[PDB]
Each structure stands twice: as C-alpha cells, then as structure tokens.
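2 protein chains.
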Amino acid sequence: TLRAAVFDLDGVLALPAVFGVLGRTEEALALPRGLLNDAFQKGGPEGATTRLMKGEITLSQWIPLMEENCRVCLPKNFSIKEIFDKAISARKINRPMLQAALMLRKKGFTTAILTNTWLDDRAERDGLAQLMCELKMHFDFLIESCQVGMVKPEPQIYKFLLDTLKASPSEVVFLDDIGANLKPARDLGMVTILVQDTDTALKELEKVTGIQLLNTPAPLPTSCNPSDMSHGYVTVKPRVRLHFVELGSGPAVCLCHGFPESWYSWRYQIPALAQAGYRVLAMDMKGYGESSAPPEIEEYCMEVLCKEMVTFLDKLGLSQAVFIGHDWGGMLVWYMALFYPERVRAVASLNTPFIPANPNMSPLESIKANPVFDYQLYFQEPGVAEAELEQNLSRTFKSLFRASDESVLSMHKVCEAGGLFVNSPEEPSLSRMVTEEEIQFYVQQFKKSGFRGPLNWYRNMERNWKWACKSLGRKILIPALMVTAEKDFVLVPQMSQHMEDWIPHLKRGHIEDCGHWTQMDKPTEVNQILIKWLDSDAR
Amino acid sequence: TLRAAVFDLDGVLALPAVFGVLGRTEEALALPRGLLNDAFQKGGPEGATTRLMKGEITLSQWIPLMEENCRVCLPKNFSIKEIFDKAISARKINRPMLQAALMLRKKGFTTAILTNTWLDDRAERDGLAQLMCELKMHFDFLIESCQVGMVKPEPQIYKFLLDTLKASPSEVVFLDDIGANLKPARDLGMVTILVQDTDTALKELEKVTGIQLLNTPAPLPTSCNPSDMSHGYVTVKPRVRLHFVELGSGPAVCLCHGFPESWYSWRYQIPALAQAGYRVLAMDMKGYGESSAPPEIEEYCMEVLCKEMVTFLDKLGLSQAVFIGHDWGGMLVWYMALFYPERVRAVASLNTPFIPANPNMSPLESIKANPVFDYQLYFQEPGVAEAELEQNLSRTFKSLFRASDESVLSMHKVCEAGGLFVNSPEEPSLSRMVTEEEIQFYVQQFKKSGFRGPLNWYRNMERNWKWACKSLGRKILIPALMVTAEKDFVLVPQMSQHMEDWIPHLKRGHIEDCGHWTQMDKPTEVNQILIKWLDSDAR
Ligand SMILES: Cc1ccc2nc(N)sc2c1
Ligand SMILES: Cc1ccc2nc(N)sc2c1
Numbered sequence: 002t003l004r005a006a007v008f009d010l011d012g013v014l015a016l017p018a019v020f021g022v023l024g025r026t027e028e029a030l031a032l033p034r035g036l037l038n039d040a041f042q043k044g045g046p047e048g049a050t051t052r053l054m055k056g057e058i059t060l061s062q063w064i065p066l067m068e069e070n071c072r080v081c082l083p084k085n086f087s088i089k090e091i092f093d094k095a096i097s098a099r100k101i102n103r104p105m106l107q108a109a110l111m112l113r114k115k116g117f118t119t120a121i122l123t124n125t126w127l128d129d130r131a132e133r134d135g136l137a138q139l140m141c142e143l144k145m146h147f148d149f150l151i152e153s154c155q156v157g158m159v160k161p162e163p164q165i166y167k168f169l170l171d172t173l174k175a176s177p178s179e180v181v182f183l184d185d186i187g188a189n190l191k192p193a194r195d196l197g198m199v200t201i202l203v204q205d206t207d208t209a210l211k212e213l214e215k216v217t218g219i220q221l222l223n224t225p226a227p228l229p230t231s232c233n234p235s236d237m238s239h240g241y242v243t244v245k246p247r248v249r250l251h252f253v254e255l256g257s258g259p260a261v262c263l264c265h266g267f268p269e270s271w272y273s274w275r276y277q278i279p280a281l282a283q284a285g286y287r288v289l290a291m292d293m294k295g296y297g298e299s300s301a302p303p304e305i306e307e308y309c310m311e312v313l314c315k316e317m318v319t320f321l322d323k324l325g326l327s328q329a330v331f332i333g334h335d336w337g338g339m340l341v342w343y344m345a346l347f348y349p350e351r352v353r354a355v356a357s358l359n360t361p362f363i364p365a366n367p368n369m370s371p372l373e374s375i376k377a378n379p380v381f382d383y384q385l386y387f388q389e390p391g392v393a394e395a396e397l398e399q400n401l402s403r404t405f406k407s408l409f410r411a412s413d414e415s416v417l418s419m420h421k422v423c424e425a426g427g428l429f430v431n432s433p434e435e436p437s438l439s440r441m442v443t444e445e446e447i448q449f450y451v452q453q454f455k456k457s458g459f460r461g462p463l464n465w466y467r468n469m470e471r472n473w474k475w476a477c478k479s480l481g482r483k484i485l486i487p488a489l490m491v492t493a494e495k496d497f498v499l500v501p502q503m504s505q506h507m508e509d510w511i512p513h514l515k516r517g518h519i520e521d522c523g524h525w526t527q528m529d530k531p532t533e534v535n536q537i538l539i540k541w542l543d544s545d546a547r
Numbered sequence: 002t003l004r005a006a007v008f009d010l011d012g013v014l015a016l017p018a019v020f021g022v023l024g025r026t027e028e029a030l031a032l033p034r035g036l037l038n039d040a041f042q043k044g045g046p047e048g049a050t051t052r053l054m055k056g057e058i059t060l061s062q063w064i065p066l067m068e069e070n071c072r080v081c082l083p084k085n086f087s088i089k090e091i092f093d094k095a096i097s098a099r100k101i102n103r104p105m106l107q108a109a110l111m112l113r114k115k116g117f118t119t120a121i122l123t124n125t126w127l128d129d130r131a132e133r134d135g136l137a138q139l140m141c142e143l144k145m146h147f148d149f150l151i152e153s154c155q156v157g158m159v160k161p162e163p164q165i166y167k168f169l170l171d172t173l174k175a176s177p178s179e180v181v182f183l184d185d186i187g188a189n190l191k192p193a194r195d196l197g198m199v200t201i202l203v204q205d206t207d208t209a210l211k212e213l214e215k216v217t218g219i220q221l222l223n224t225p226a227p228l229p230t231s232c233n234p235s236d237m238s239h240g241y242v243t244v245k246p247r248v249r250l251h252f253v254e255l256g257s258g259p260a261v262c263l264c265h266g267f268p269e270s271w272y273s274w275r276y277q278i279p280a281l282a283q284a285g286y287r288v289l290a291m292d293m294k295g296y297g298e299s300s301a302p303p304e305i306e307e308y309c310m311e312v313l314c315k316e317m318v319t320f321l322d323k324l325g326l327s328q329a330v331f332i333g334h335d336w337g338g339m340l341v342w343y344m345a346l347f348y349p350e351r352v353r354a355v356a357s358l359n360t361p362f363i364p365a366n367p368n369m370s371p372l373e374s375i376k377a378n379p380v381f382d383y384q385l386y387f388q389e390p391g392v393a394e395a396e397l398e399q400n401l402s403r404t405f406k407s408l409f410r411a412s413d414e415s416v417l418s419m420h421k422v423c424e425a426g427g428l429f430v431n432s433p434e435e436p437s438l439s440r441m442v443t444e445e446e447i448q449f450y451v452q453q454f455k456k457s458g459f460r461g462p463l464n465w466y467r468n469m470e471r472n473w474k475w476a477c478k479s480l481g482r483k484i485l486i487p488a489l490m491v492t493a494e495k496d497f498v499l500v501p502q503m504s505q506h507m508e509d510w511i512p513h514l515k516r517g518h519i520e521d522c523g524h525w526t527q528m529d530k531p532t533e534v535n536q537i538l539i540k541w542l543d544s545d546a547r
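Top line first, the protein sequences correspond to chains A and B.
Counted the way full-length UniProt numbering counts, the first sequence spans residues 2 to 72, 80 to 547.
Counted the way full-length UniProt numbering counts, the second sequence spans residues 2 to 72, 80 to 547.
Pasting the structure below:
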C-alpha cells in the first residue's frame, strides 16, 4: 500500500515549465525548431547544464556558457538572461496540484518535492526564493539536485529519495512531466505518473491512492502549528511582558484578539497575510496566554492597554503598524486610532463597531438597555464568572466556540439564570469550526492565568467612558475598515450603521452566515477582505 | 542642587521650528508681516490651535479651521496643508541638544521632553512618528500637551511636570525657545534657559549644571539594554531553538557573532541599523546564550549551521535576509552566500576573509603552517579549553576583550605554554572597550552552556573542508562587503588580498587602529561602513 508521494517542481507543482518557454522563444523569434532546447542540453552528463543542476556552478556563471552553446545566425538583441528571467518570473504554483499534495499529507502520506534545480544568484533571485518558501512549507522533504550533487535521471538520486522517505519503492507514487526522469523510478518499482495536464494526472493519482483529490470541497486556508512559529516577548513595564507570534516581511500588521481568546484565534490569517506581503505580529493580549496577567482591574482599562501597545511598538522599533482587532481587540484598535493616529498605519475591526461614548448616560445604564449585553453585567462581580469559566476549560471553549447553527450560547437573562453555561450540556459536542486538538491548545493556554485578567477587560466601564469622552470632538481620518458578521447576535451589523458620521472615509466588509467567532467561522472570506483592504489602503 | 532637565521639542530638540516657517512663508509670498502667525494663534485660549494642542481635535480637523482664520487677499494656489507638510518634513533632531540631554542622563539626571503638540492623522504622519520614536527613547519621560489635555503656558502642566519628575522646582532646569512658556516655570522656582542659538543655550546649561556639555569628545553610538529588547525564539529542529533580538522595520539584516560572543556583541550596531531603516535580527548563534547548545561536535559543522539558519528564515517567513558576520559568524555568512544565494540579499564580513578550501592539503596542515592559528590546535582536544575558559568567566572575558594597545592575549605557542591565559593576570584590568556591567552580561550568558558548543565550531575542520570543496567551481556574485581591521593580528587584512578572484564585484571597508573585537573597538566606524554599504547595495 502507498504511503509516500513525490512531486517534481517544473511542470508539476509549478506552471508553465521552462521547456515550455524555450520552444515558445524559438517560435516567437522564428528560429529553427529545438535550437534553444538543444543548446540547453548540450554535452549531456558532461555539459554546462548538468554542472549547474549538480551545484558545481551557479546560474550567473551558467549564463555565458549557455550563450556559447547557442553560438542561421541568432538575432541582434538576443539575451539568454532576459529569456530565463521572464520564464522563471512567469512560473507560478499549480494550485490544484498543491491542493492534492496537501490532501495526501492530511491523510497520513509522507510528501516530498524532488527537483533538478540550480543555485540562483541572479539580482532577481528573490522571486524564486519566495516561490520555494511558499511551496516547501507544505511538504515533509525538499530534495534539490544542486544541494545533493546528484540529478534525475541518475539512479543514485532515487536511492537517496527512498533513504530520506524511509520507504520501500512500492510504497511511493512519483509524479513527473519528463518521461526520462520517470523511467528510473519505475525500474525501481515505484508507482509513476506522467504529468501532461493536471486534471489527468490527478485522476491517475486518485485511482492509485484511493483518496478523492479531484472535485473536492473548498479547502480551509493554511493554519499555524504553535511549535513551528517564531515567538516574541517584549517587556512593556516592570511586571508586564507581551508575547506575540511573528511571520512574514513587509509592513507591520498587529492582530489583536477578543475575549476569551489567543494569538491562535488568528491561525488562518497569519500564513495568508504573511504570504500577501506583510509582517504579521499576532498578540497574546494582556491577561492571556504567554503575556503577563496582573490581577488588578485598573491594569485592563483601555488607556493603559493602549499605552502598553504604544510601548510595544517603541521597543520593537516600529514607528507604525496596521491594527486589526476582533471583539475586545476591535475596541482597542478603534481607541489606538483615536489616541495614537501617528502610530496607526490603518485600522480594521471585525464585528466591534465604533460607537462614541455618550456623555449624558453612565455606561452601566447603556449596557442595561440592551438584553443581548446581559453577559457583560454577569462579568462585573469579581470571582463569579472566573469560577464558572475555570471549572471545566474543555467545556468552556467547546460551549463558546460554535458556528451560528450549532446551538450557540444564549446571552439574555445570564444573570437571572445564574451563569453562561447553566442551560448548556456538561460534555458539549465539538463544533465544525474546531478540532479537539485546537480546543486543547486553548485549554493549555488558559491553565496559566485563567480568566481574571481577561474578565477585567469588561471591568473598566466608567474608567473607559471618562477616557473616551476626551475624544468626543475627534474624527477617525486614517484608513479604516469595518467588517460586519451577519449572525453575530451580540455585535450585530446594525450597531455599526452610524460609523460614517465619525469615520467619513470608512471602508466596509460584510460576511454572511458568520457568527461571533469570525476568523475561524469564515477564514477564507476574512482573508479575502483583509488582503484586498491592506493592498489598497495600507500599502 | 539640580537633578532633572526638561527640554521643549520645537526649536530646542528639533530644528528649524514651525514659528520659523510661517514667517518665511509670509516673506516668500510677500504677505503682510505676522499674518500667518496671527491666524495660527487666533482666539488664544479659546481658539482652534489651543483645541488642537489639548487633543480636543486632530491635525486633519484643524487644517480647515486654520484656513478660515487665514481668510490683501491671499494668493490663487494657497494651501495650509502644503505649508505645514513641508515645515514638519524639514524639522530634524538638533544633534548637539540631544547629545547634551544624553550626557546629563548619563551623569544621573532625570530627563524629560515637555511639548505642545498635536494628534497627527495626516497621510504623511509617519515622518513625525519616526522623529518622536528616535527622540523619546533617550528620555525618562515624554509629556505631550494633546495627551495630557493641558498646554504651556497654563500653570497646571508645570505642576503635572513636577509631579511626574518627583522633584522640587529648584532641582529642575527647563529649556524653551518661547519666553511666555518659560515664564510659568521661572515663577515656580525652576532654573530656566531661553533657547535662541544652541551653543549659547548649552553654555548656560553647562554653567548651571557644572557638567561639560560643549566641546566634549565624540560620543559612542547608542547601545542596547537587554531587558528593553524584543526577544525572539524559533525552534529549527526538535532539540534546537535559536534566540535573537529584533529591532526596526525594513529589509531583514541578520547579525552573526563570532567566538566566544553573543547577540550583545552587536549592541552598538542594533540601534544604528534599525534607525537607518532596517529590521535587525541579532542572533545568539547555536551553542550560545539563550540558543540551544547540544554537546555533539557534528552539530556545529558549517553544513548543519547553515541549514539551521535557512530553517530559521523559513520559520520567520523571510525569503531573504542580508547576512553580516564577524569571526566564526563571518565564516558562516560566506558559506550562506555560496550554498544558499537565493536566501542571501547581500553578505558582509568583519575580519574573516573568504579563502577557498585547498583540495590538495588537509585543513590541519594549513592551520599548522601559520603560527598565529596555534590557538585553534589548542581548541581541538575536547575538555582542555572548556576547563581553562570556564574556570573564571570574568577573567576569561576581561582577558579576551581588549583593544590593540591593551596587552592583548598572545596567540603563538598556546599549546607549548599550555593554555590561553597561562601568562595572563588572575585579575585583568578592565578594557576601555567594556564596562564591568557589560563583562557581567557575558559572564551570565556563559553560565548556561559554557564553552563546549562554542568550541565545537573549531572542531569540524575536516567536515567543513569536504563540504567547502563542493563549492570550488563557484563564485560569489551577490552583493558582498569585506571589512578589514588593521590590528587584528590573527585575521590580518592581508589574508583577504585574493578575495576578488572569487568575488569579482566585492566592495571593501577598512578600519585603522582596530583589533579583533571590531564592533566594540570601533563602533562608530563599523556603523558608518555598514550603513553606507546597506543603503547602496542591499536596498
Ligand atoms: C464574549 C461573547 C460575545 C458574543 C458571543 N456570541 C456567542 N454566540 S458566544 C459569545 C461570547
Ligand atoms: C578567537 C580570537 C581570535 C583573535 C583574537 N585576537 C585577540 N587579541 S584575542 C582573539 C581571540
């Protein structure tokens, strides 16, 4: 039975192939047929191309050698450099091929990329570096000819492949677009697939593995494995350290989760935003995960939380970041925009609207007026909600993290009922949004500090109201995005209806059939909305 | 006696002032004198400018209000927006004023910036954000009118200042360029300085504090306080985690220290390179500080160290970084350029030359041929150098870290003498390069793993030679910088003489009167050379 799948890069995981560029160049320049593809393979195993592929020489050293092999006289302005630059640049990931490799790995397969490639020292080498970065992360192994000093079709590279896989040949599927490179794998006893068009190749792959790879439902975006992330720690004041996970390069994007969450609530956004060209900083907010959790209520007022986030930027040497928040994180991000506009490149909130403080009413009065905000009154008394939320962590997270159609907690008459989970099962079912392993990650994070620091975010109503009143004459004039979720029955879309009075240039996003837990309920759509907005408004 | 110094921003720590822009605009546009400066101060304490300065409104809301106050009819293409944008943009740090504030703080003074400023939401706000970032880091406090809701000359802001300083008025020097804003500080009993030209202001400051501030020797670049840095951690494989310190935004610059050092050996470079527009990642190399230190010799061969640095980039989501190394770090960086050019944006080495492996001689033979490399033979036997280096850490670092004229260790006949420190004092004097506190930082770092992992870097001669021989047909064609140190008697400048044969486009730097410990011996010159090279060759 098959347990490993091997993919070539050129013409398999990445399209169009280079062989399908030299042929097109010959045609465009009306040169004799196969001239360029012959100069490319001249000298065979002893030629300049084999030396390049084995890592003996770099791509920039290979360019003049390819020109000599090319020397029916060639045109006036010919450049092997220009042809190869354009070819490499045009080559993109073959998304359905990658999707099939992802599915096989998800089902227990060991996956690998085996490729005849070069050491790229061209001034434009970053393009290919980025491509390989994106692809390699999805595979157990990447075997490059220039790094191993062996090339396909040499029999040694196939034995090297089997040794790295720790598998017998009959346990391996080998996909390649070059018949000659497929030949040694077959002779060894491996299942082989000659890749011409992707669809046929995947039909052959589905037939041999017995796993559905074609016509499959839309896959979820790439997630995060906590142990594979870069973890950052900044002391913002003597007893307060902030933890964050960091991925990517480009403009800084600071992700701020809500209650009772984690940096991990952004797991589907972190790889997507980094791939989109941003440096993502996903915070554990004060009171959570690996960040400090002081017990004092006042340590969690918006004024102090915002000051600490400014100190966080100061210590990392960041003059600005784009701030994206959800729930309490969304509230924080609007206040960062109002009090520290110079430090905020742009601001986006998921679910949480911007509603100016009412100076003519106490915040307690305003919360009491809306039945859906009853849970916030239940959270007021120190110790009550901590005891209910800390009693059984697995039950807490399984009851909370549910999609709109999954018997979501009721939040009216929480005080009258005497708790959030009083009418909830002791062993709730697992939501379609989360795996048991994801629930256990939140359980392990909350074992450190519990719910005191997180609940304290709700315990500064009067303090936050007095601070917010200082901003009543201001408008938000920096780039801003409000994302509403149709089925969030607490942070309803309608609550955001007057935002343009205070944020005149506001841009919007709206997600249908989306509950409170936006990032994990609808990850693909969140990613689409945020990336589109970042690329147009945040640079 | 004075113990606190307070500085204004506009016209004191930053020049030219905005008052010295509205006057110049009037003159350039032939408008009546004081017209613009009158429209700017219209309504006095009740006017639009006071509201802006107290934080009631933002700068973008203030622009139309300033235009109404401006409304001898004004020209056709007038813009308050364009005038203020250009004014803010032209304003730069007043370096001798900053240098005096730095000296007072170094001598025990509490320093603060007290400024009438605004909430900047202009599309160009980052310029001012960057300026404030750079300035604020050097002071104990930053008091901004728009954040405190109080302005100079109101008496409340001065009482607020004294409260934040925790000092009596007679203990405070207050420097301001506006006579009216100086008046309330004087009436309170503070020493005041009316700042017109910097030199006169500093003569007055020197006279009142009794500290030399003018005509002082060239100051050292800003250093790092370990507890104020962002600390990052990446697991590169099951038992190996790499620690790094991170500062700044822009292209990634990876700093790789030598033996027996730390990320802290780059303390003078980290703030300078981040300020220059780069994202600095200063590593604790494998075997050091907070990075993992496995005991096996093979874990420290160049092939594995380089593979781990590629994994480090992969996990951080970086397609490339510029790699800058010193000593063993310099050796690593040349091999990163040779084996992973696609991942190396540019490469620079301090002291360590690039010398291709000799396939016709064993590396032991080559090291034996040069008397200055004797210490490397002494480092071969596992346990011998560990015992001598670990016996007294303070003695180890004080004996090693010395400038060229400070009885530097002799490195010939180390084996014959039976150790590095056999002819060295038990209590060496402190080098001019280091403070006792800096020595104690290295002592504390080396208490975790000792010298086994670090010494193992020298213990892979044959392994590194076999790997390097695979690269003999290659050239380094990516941007490269070689920095030589005149007085490094081991890694002599002459050893780099043939580098252009293998790196034809090589750029150079040379530092006179510089020993082996380049970064701390000559920090200002290292910073100048690296920043100039980064800005021209690394983008
Ligand atoms: C804190 C919070 C807010 C909204 C919400 N909506 C749910 N269905 S559970 C829940 C929890
Ligand atoms: C490891 C090493 C290399 C050069 C050197 N030069 C000195 N003066 S101490 C020292 C130590």
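Quick reminder that beta carbons are idealized off the backbone N, C-alpha and C, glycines included.
- For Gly-337 (chain B), the secondary structure class from DSSP, reduced to helix, strand or coil, is helix.
- No residue range can be given for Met-198 (chain B), since it is assigned to no alpha helix (DSSP H) and is classified by DSSP as neither H nor E.
- For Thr-26 (chain B), the secondary structure class from DSSP, reduced to helix, strand or coil, is helix.
- Three or more beta-carbon pairs drawn from the region 341-357 of chain B and the region 309-322 of chain B are found closer than 8 angstroms, and the two stretches are therefore classed as touching.
- When secondary structure is reduced to three states using DSSP, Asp-148 (chain A) falls in the coil class, being assigned neither helix nor strand.
- When Cβ-Cβ separations below 7 angstroms define contact, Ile-539 (chain B) makes no contact with chain A.
- Only residues of its own chain outside the window of five on either side were considered, and among them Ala-301, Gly-461 and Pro-462 have a CB closer than 6 angstroms to the CB of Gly-295 (chain B), listed in chain order.
- Residues of chain A with a Cβ closer than 7 angstroms to the Cβ of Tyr-343 (chain B) do not exist, since the nearest Cβ in that chain sits about 13 angstroms away.
- Nearest in C-alpha terms to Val-216 (chain B), of all of B:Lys-455, B:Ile-484, B:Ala-5 and B:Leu-499, is B:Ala-5.
- Against chain A, the CB of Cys-477 (chain B) has no partner CB under 7 angstroms away; the residue lies outside that interface.
- Contact between the region 244-261 of chain B and the region 279-289 of chain B is present: three or more C-beta pairs spanning the two stretches fall below 8 angstroms.
- Interface with chain B (7 angstroms Cβ-Cβ cutoff): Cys-154 (chain A) is excluded.
- Here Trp-525 (chain A) is not near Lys-483 (chain A), since their CB atoms are 7 angstroms or more apart.
- Unbroken beta strand (DSSP E) stretches of 3 residues or longer found wholly inside the region 212-286 of chain B: 238-245, 248-255 and 260-264, given in chain order.
- Between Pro-487 (chain B) and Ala-354 (chain B), the C-beta spacing is below 7 angstroms.
- Of all C-beta pairs linking the region 53-72 of chain B to the region 124-131 of chain B, three or more are shorter than 8 angstroms, placing the two stretches in contact.
- Between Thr-243 (chain A) and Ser-235 (chain B), the gap from beta carbon to beta carbon is short of 7 angstroms.
- Contact annotation for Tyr-241 (chain A) against chain B: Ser-238, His-239, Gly-240 and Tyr-241 [CB-CB distance below 9 angstroms, chain order].
- Think of a sphere of 9 angstroms around the beta carbon of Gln-62 (chain B): the chain A residues whose beta carbon falls inside it are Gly-481, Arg-482, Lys-483 and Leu-485, in chain order.
- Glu-398 (chain B) places its beta carbon less than 7 angstroms from that of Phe-459 (chain B).
- Secondary structure note for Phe-405 (chain A): its alpha helix (DSSP H) is the uninterrupted segment 401-408.
- Sequence-ordered contacts of the region 114-136 of chain B with chain A read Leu-127, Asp-128, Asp-129, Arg-133, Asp-134 and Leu-136 [C-beta pairs closer than 7 angstroms].
- Within a 10 Å sphere around the beta-carbon of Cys-522 (chain B) sit 16 or more other beta-carbons, which makes this residue buried.
- Here the alpha carbons of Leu-202 (chain B) and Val-22 (chain B) stand approximately 20 angstroms from one another.
- In the structure shown, the three-state DSSP call for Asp-292 (chain B) is coil.
- For chain B, the residues of the region 334-360 of chain A that bring a beta carbon within less than 7 angstroms of one of its beta carbons are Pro-349, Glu-350 and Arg-351, in chain order.
- Flagged as an interface residue toward chain B: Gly-256 (chain A), by a C-beta distance shorter than 7 angstroms.
- Residues of chain A whose Cβ lies closer than 8 angstroms to the Cβ of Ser-235 (chain B) are, in chain order, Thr-243.
- Residue state for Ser-87 (chain A) is assigned as coil, using DSSP reduced to three classes.
- Closest in C-alpha terms to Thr-224 (chain A), from the list A:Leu-139, A:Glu-214 and A:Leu-169, comes A:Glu-214.
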